[PDB]
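Below, in structure tokens: the form deposited without biliverdine IX alpha (BLA), a single chain.
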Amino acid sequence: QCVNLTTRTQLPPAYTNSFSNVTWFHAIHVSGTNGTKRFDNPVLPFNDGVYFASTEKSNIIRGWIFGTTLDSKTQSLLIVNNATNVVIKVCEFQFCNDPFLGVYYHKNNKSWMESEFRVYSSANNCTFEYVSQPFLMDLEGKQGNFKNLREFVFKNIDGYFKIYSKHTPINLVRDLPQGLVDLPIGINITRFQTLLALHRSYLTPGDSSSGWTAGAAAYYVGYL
């Protein structure tokens, strides 16, 4: 499936000093007309390890995918996060060209549902699977004002996959301030990509089936 969400407009990413230079990405960028949305999430290299941070309101970011070719000739690792559980898997995924976690309504009861088949078409010769409490916890609370910041570190050099994370409140606008598991995965990691969740509903005559829409989302990256 994976209808080809893509955008013509692209810009040289701005960067800020982390208090080293870290590049700043916009995933969904609002138009001055408020009309069009820019879907773009590049693949990126993985030089030894990566520092990842974002500030977020609405669960737009749900996990990451890691591998080398990101296709059926090789293993790849996938992390994705429900409202209630994380699941971690190694399988020989066939990723499509623009993966996202689609979510849609299910009229026969009052529920929203999301489906993994919008990110891959098939899996085979799968091996490792694990489940736990979620990583993308909401902060236990702050009354807005950039109500959270979340930071992660990924490291693989030792022959293991290691996550680190922290959650903190914050105050400063639009800039970085001056203010969990160890997995025995056997894999070669060289590139990675983040996956968003997008929602669709039928509410107005004559709209396209590609109704997929989301709010603004942004994140920062920097290499070890």
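Residue positions are given as counts along the sequence shown, with the first one as 1.
Unmodelled residues of the deposited sequence between neighbouring positions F19 and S20 number 10 or more. According to the record, no deposited residue between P45 and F46 is left without atomic coordinates.
FYI, the form solved in complex with biliverdine IX alpha (BLA) isn't displayed, but the following is about it.
Although the chain is displayed without it, biliverdine IX alpha (BLA) can be placed by superposition from its pose in the bound PDB entry; doing so yields three or more atoms within 2.4 Å of backbone or C-beta atoms, and the site is blocked. Mapping the unseen interface onto this chain, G63 counts among the residues with a heavy atom inside 4.5 Å of biliverdine IX alpha (BLA) in the bound PDB entry. In the bound PDB entry, biliverdine IX alpha (BLA) sits within 4.5 Å of a heavy atom of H167. Although the partner is absent from this view, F146 stays clear of biliverdine IX alpha (BLA) in the bound PDB entry, with no non-hydrogen atom inside 4.5 angstroms.
The shortest heavy atom separation between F152 and biliverdine IX alpha (BLA) in the bound PDB entry is within 4.5 Å. Proximity to biliverdine IX alpha (BLA) in the bound PDB entry, defined as a heavy atom within 4.5 Å, holds among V30, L180, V43, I157 only for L180. Residues are counted as partner-facing when one of their heavy atoms sits within 4.5 Å of biliverdine IX alpha (BLA) in the bound PDB entry; in 79-97 these are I79, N81, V86, in sequence order.
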